[PDB]
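Take a look at the structure below.
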Amino acid sequence: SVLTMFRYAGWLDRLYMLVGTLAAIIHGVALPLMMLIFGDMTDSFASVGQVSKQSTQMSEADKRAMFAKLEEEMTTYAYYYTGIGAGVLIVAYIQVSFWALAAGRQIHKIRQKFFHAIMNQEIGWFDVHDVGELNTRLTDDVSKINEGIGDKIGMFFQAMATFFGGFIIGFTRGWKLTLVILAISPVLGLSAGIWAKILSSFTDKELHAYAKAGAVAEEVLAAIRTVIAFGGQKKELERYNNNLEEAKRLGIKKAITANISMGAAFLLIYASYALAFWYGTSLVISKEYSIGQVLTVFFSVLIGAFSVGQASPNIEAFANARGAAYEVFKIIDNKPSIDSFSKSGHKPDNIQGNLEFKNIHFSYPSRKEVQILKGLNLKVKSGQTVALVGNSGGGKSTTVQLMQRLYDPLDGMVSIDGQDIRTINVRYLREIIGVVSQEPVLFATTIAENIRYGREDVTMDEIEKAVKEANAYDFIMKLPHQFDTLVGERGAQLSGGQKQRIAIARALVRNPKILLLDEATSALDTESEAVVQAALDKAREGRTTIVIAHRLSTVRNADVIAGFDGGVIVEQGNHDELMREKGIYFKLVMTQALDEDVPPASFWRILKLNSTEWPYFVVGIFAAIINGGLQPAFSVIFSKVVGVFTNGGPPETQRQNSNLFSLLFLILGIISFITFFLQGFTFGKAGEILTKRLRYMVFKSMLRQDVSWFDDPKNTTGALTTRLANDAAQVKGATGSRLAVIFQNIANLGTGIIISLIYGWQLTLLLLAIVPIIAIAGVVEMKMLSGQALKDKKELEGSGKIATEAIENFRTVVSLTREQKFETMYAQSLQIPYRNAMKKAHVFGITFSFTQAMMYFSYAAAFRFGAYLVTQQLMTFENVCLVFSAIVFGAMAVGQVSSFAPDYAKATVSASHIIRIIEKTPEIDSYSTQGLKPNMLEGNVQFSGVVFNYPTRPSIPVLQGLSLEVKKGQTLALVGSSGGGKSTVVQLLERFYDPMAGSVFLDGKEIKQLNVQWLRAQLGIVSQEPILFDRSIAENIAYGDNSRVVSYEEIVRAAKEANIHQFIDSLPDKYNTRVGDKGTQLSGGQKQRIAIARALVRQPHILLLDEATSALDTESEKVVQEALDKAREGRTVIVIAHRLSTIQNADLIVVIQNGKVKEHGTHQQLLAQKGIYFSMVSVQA
Ligand SMILES: CC(C)CCC[C@@H](C)[C@H]1CC[C@H]2[C@@H]3CC=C4C[C@@H](OC(=O)CCC(=O)O)CC[C@]4(C)[C@H]3CC[C@]12C
Ligand SMILES: CC(C)CCC[C@@H](C)[C@H]1CC[C@H]2[C@@H]3CC=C4C[C@@H](OC(=O)CCC(=O)O)CC[C@]4(C)[C@H]3CC[C@]12C
Ligand SMILES: *SC[C@@H]1NC(=O)c2csc(n2)[C@H](C)NC(=O)c2csc(n2)[C@H](C)NC(=O)c2csc1n2
Ligand SMILES: Nc1ncnc2c1ncn2[C@@H]1O[C@H](COP(=O)(O)OP(=O)(O)OP(=O)(O)O)[C@@H](O)[C@H]1O
Ligand SMILES: Nc1ncnc2c1ncn2[C@@H]1O[C@H](COP(=O)(O)OP(=O)(O)OP(=O)(O)O)[C@@H](O)[C@H]1O
Ligand SMILES: [Mg+2]
Ligand SMILES: [Mg+2]
């Protein structure tokens, strides 16, 4: 991985880098050549000659003729000087722009090569690795490359060109002294390389810690609903805090090593100064070198050293970029075993429907010890329907996944028409099969767009036909924005049944040759299920169909039914034979806005948030002023020492006394090293602590918000993660070492100004008359940068949304073969910041050229005015070139200040957004302690005429009116059609939303009056399609009560009560078995049962089951229901179910249509009053 960061540089990028390097070399060798022309070195001082020759220079007119010639030669410089500046105005641009143009073109291509690779890996790779980190790798990690292959390289080459040109000019004039000085540069190289490797290693680890924090944040934000229901905000915050603390610990060490690198560089530069003076004194003692010659070398080898000292940060940035490019290119270079982008494979023109499963042995990559399938055999002829039945966790979804070739069977072969599916092209194979997953997942787009994912070239007529066949037409057209209605992420703004019909339509619209249904009627009502099964029965002969069901009514008419037992199919035949066979199937059947742009002082408000670190800042600013004012003060000291050296007395004893002055240079080097390290370290550590607390506060505020805040289409999971990372990563770029260099530069300007006024006079006016133009350049830059910051942030959250949406839902994306579509969407999202980067590149080039050229112009104007003033005789020739050094350093510091305004402009907008998110208080405040906390509750729930509509489609009334009353130790059953609002009442009892009209009572007390945390802790909830975190089984069960430490014994009791303890015991690592993202490393039944155990371990007073047996075998349903019935006494229970067997025993059943409470009563009462309930019970008859 050495020197591979530029893998994606084409010919245009190569010429950009080459011409930029040449321009950088030209711009660097300017300073060596400004001295080489003024290297004639024999004009010396006529006045210095005058102290010796005052008797000779007593003549008034001949001393004037000298002064007048001095003008002539001085203007001779200011001419050349101006020309030099003109040249800079070209070459400076040509470097920065081009290097930036070479970086933006590669960073843009890296992101597309990264994401493509992410979409190229297979399902086993996603199962093994933690993919929640990938999102940060896309946003933060690649960003660290952008700052290390840009114009920083150009400025590095500029400084090294300055250094080496000065050393070569020095070699031509004074060779020995030059070798003695150059013998130190290997130490600089060794130090810089060692510090660079250390810094790169630390950056790798810091990026890893940030990726882990991002994975935690993404997992929490995707399951925020279960987080809020169980009150788990503090534990997620603590996990985030631990990752942030590790990242801060790494960042502090990074700051320490970078600052120690800079300090060591400066120390060794001053040591080189001392060595040069000592060798020069020795040489003039041996008389081998003319004193003139010694100043020729000194004045030619001693500025590129400070150039290298200034170039150290570019080395740091490149090291950080190399450290960041590790994981990105490791993922890029990976090659899938099952390649879905390969063009080499069989693509049969005619395909019938014969499936073959011979001797299928398979174990998942994550759990190799556990065997799932062992000798599986299955023959599926064409036009036939083969149903898969058995206990939950048997391996039916595994077989359906093997059909799509998401995994390679370990033993045996899966084949179509006698051809191994390995030989057939992966994309072609996955394109000819339609799939409905067990809990179907949609994307955060319109209904029509979601259906269009199944097949791209579908007309509205075909979409409508598929929707009609899927029994989804009525609710779609009942919605405003019929096919343009926005569904939430993971289709969470539709009901479970509606989402399932949308997925069925998506699978049907691609006219599959092989149809795969994974319990496609799990969330449907008996009437909806009957309609859907009839519709798929009408068109069945054209395509073979494999179906998995726990509702055996759909299986009743299947051509062939296969039963699972021990990873093999034990029974195989039609309904008649299997009932005659008296086997597992028989038992299963017989079982019974803009906000005022950006406010000023937002960045000031962030810094004021970092007020506990005031000693750090005061120490840093004292060190900054000291080491900033040293450089002009060191220039004055150098001038005085040179004046002593050139006019040294005849004894050699005092030449050694100036050699004693060389120790003052070592003292200055040591003190500069201390001050540089101190200021850098203090500012870096303060910035790190500010960044850590800033991300902590932003995430804490995010967890505080209402559910209505998460349903907002701008607040998606990917958008939230991108905002969380970026809003704090942009403040960091203007609060660390950059504020330190700002303070150093303002101190430098002040010191240079003070030196200018005292030593000479009237050249200070020039130094003040120039600052406004550099300020104007800064302003004209800052305007464009401020606009682009808002635009880039807004459109970067859009790309983060796409990336997270694709990564989290990768199995659906692969099943639908939509990797190319998501790459295209990602690129289209990336397009705008690309052009912003190009414009920003050219703007930086222009600004840099202007600042440097105006520096040279200021030098030329200084010499012009100095010559004109020497014509007035007001001030001597020593001060004119001293104030020249002062103006040089001060104006250059002011120019370097200007390269910061873009960062300040981004930091102020990020600061404003961070302040806005932190102070946002919700209507239903989770963190609020105020509110009623009853000492005991009777256990009564009353929905006394509740009228509610969701705050995403507020025109639609979801609960037009319904009155419910619940007594302690009773049981409500909630039945009805899909979309009737059964889940809505449970979400209201959870205080996820607040009803407009009506009210909800707990023991006759308004729910708003009670404390939200207490109310949520008094009740336990199981949702329609449960979400399990990517942790151990016991950790997921222990999530039931976060206000105490749940015992392992209690976890085992809860697991046993939920009919899951057997499976967990059978697993290696037992309850410590790690379940994957969203519980996808378990089956639907096991995940549901573990969710039941989680809601049971807390022993709630109010139990809220929401289709808690939706994905469960009838034998598992019976056991779970009888266990629930044992504890029905002394426990209020509310049950939402579409399978009516678990409902007959309930104390009372309420049938709701479209949000109304029309029918209620016991099972006998509802069965007697023939109507909706009687029709639902007797659908199959
Ligand atoms: C900021 C400081 C610390 C930079 C220190 C590292 C430099 C020595 C690097 C940075 C940019 C690099 C250049 C960027 C890209 C290329 C293209 C590269 O061409 C390739 O793609 C590889 C060779 C080939 O196959 O032709 C040749 C080296 C070169 C000029 C690199 C040479 C090494 C450079 C100058
Ligand atoms: C031929 C050289 C050794 C003569 C001495 C030249 C010097 C002026 C020094 C000062 C800074 C040095 C550079 C500091 C930074 C680096 C990066 C470092 O290599 C890496 O990039 C290491 C990997 C990483 O970045 O983590 C060592 C080489 C190089 C180009 C150094 C080369 C030698 C340089 C130019
Ligand atoms: S003029 C202010 C500063 N120079 C000195 O303080 C100084 C003391 S003694 C001395 N310079 C000897 C006489 N100078 C040289 O030998 C010499 C050769 S080339 C050269 N100076 C170039 C033209 N000087 C500078 O660039 C320069 C900037 S500030 C400065 N000297
Ligand atoms: N990605 C995975 N990694 C590891 N183990 C898995 C993975 N997916 C499933 N398993 C396990 O392998 C077994 C097969 O479960 P599978 O999903 O095939 O069941 P199923 O027949 O679809 O049942 P259900 O009716 O519960 O949906 C189960 O024990 C399950 O926990
Ligand atoms: N978060 C949401 N935002 C907007 N509308 C929603 C949201 N959740 C549900 N809806 C809509 O409100 C209505 C209420 O449906 P709800 O989910 O309450 O039904 P349900 O009885 O739980 O359904 P099922 O039995 O299919 O699970 C439906 O029309 C649904 O599309
Ligand atoms: Mg399954
Ligand atoms: Mg529901």
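Numbering (UniProt numbering), first residue to last: 34 to 625, 683 to 1271.
Beta carbons are placed, not taken as given, at the ideal position from N, Cα and C, and that holds for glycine.
Contact check for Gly777 against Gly826 passes: the beta carbons are separated by less than 8 Å. Residue environment analysis places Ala572 among the exposed positions, since fewer than 16 neighbouring C-beta atoms fall within 10 angstroms of its C-beta. Residue pairing by DSSP places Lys412 opposite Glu389 in a beta bridge.
Pairwise C-beta distances place the stretch 898–906 in contact with the stretch 457–472, as three or more of them are shorter than 8 Å.
Rounded to whole angstroms, the gap between the alpha carbons of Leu814 and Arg1121 is 23 Å. Bounds of the beta strand (DSSP E) holding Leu549 are 547–551. Sorting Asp441, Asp366, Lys376, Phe339 by C-alpha distance to the C-alpha of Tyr397 places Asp441 at the top. The chain-ordered list of residues whose CB is nearer than 5 Å to some heavy atom of ligand 6 reads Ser430, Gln471, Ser1173, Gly1174. Contact check for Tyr322 against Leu328 fails: the beta carbons are separated by 8 Å or more. Taking 4 residues as the shortest admissible run, the stretch 283–343 contains the following complete alpha helix (DSSP H) segments, listed from N- to C-terminal end: 324–334. Taking C-alpha positions only, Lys1072 is separated from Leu1064 by approximately 6 Å.
Excluding its 5 nearest sequence neighbours in each direction, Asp1196 has C-beta neighbours in its own chain below 8 Å: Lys1072, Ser1073, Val1076, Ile1111, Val1112, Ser1113, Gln1114, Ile1226, listed in chain order.
One thing to note: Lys281 has its Cβ within 8 Å of the Cβ of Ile779. If you ignore the 5 residues before and after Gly868, its C-beta comes within less than 6 Å of the C-beta of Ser988, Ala991, all in its own chain and listed in chain order. With a cutoff of 8 Å on beta-carbon distance, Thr559 and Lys1208 are scored as not near each other.
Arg1081 sits in coil when the DSSP states are folded into three classes, being neither helix nor strand.
With a cutoff of 7 Å, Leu856 does not count as near ligand 2, since its C-beta is closer than that to no heavy atom of the ligand. For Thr89, the distance from the CB to the nearest heavy atom of ligand 3 is not below 7 Å.
Using a 10 angstroms sphere on the CB of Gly1261, the tally of other CB atoms stays under 16, which defines it as exposed.
Partner residues in a beta bridge of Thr894, as assigned by DSSP, do not exist.
The shortest C-alpha to C-alpha distance from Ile1117 to any of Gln1171, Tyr1017, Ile1192, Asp1015 is the one to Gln1171. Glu155 carries a coil assignment under DSSP once its states are collapsed to helix, strand and coil. Using a 10 angstroms sphere on the CB of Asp507, the tally of other CB atoms stays under 16, which defines it as exposed. Separation of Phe724 and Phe78 (C-alpha to C-alpha, rounded to the nearest whole angstrom) is 22 Å. Of the heavy atoms belonging to ligand 1, at least one sits nearer than 7 Å to the Cβ of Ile186.
Runs of beta strand (DSSP E) with 3 or more residues, each lying fully within the stretch 420–501, are found at 444–449, 466–469, listed in chain order. The Cβ neighbour count for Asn737, taken over all protein chains shown within 10 Å, is under 16; the residue is labelled exposed. With contacts defined as CB atoms closer than 8 Å, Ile257 and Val433 fail to qualify as a contacting pair.
In the structure shown, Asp1196 adopts extended strand secondary structure according to DSSP, grouped into three states. Just measuring C-alpha positions, the residue of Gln83, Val1269, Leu550 sitting nearest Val422 is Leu550. DSSP links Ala503 through a beta bridge to no other residue. In terms of CA proximity to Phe900, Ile156 leads the group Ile156, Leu684, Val81. In this structure, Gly342 and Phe299 form a Cβ contact; the two beta carbons are roughly 5 Å apart against a cut-off of 8 Å.
Counting every other CB atom within 10 Å of its CB across the protein chains shown gives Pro1158 a total below 16, marking it as exposed.
Listed in chain order, the alpha helix (DSSP H) elements of length 4 or more contained wholly in the stretch 852–877 amount to none. Taking the Cβ of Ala304 as the reference point, every heavy atom of ligand 2 lies at 7 Å or farther away.
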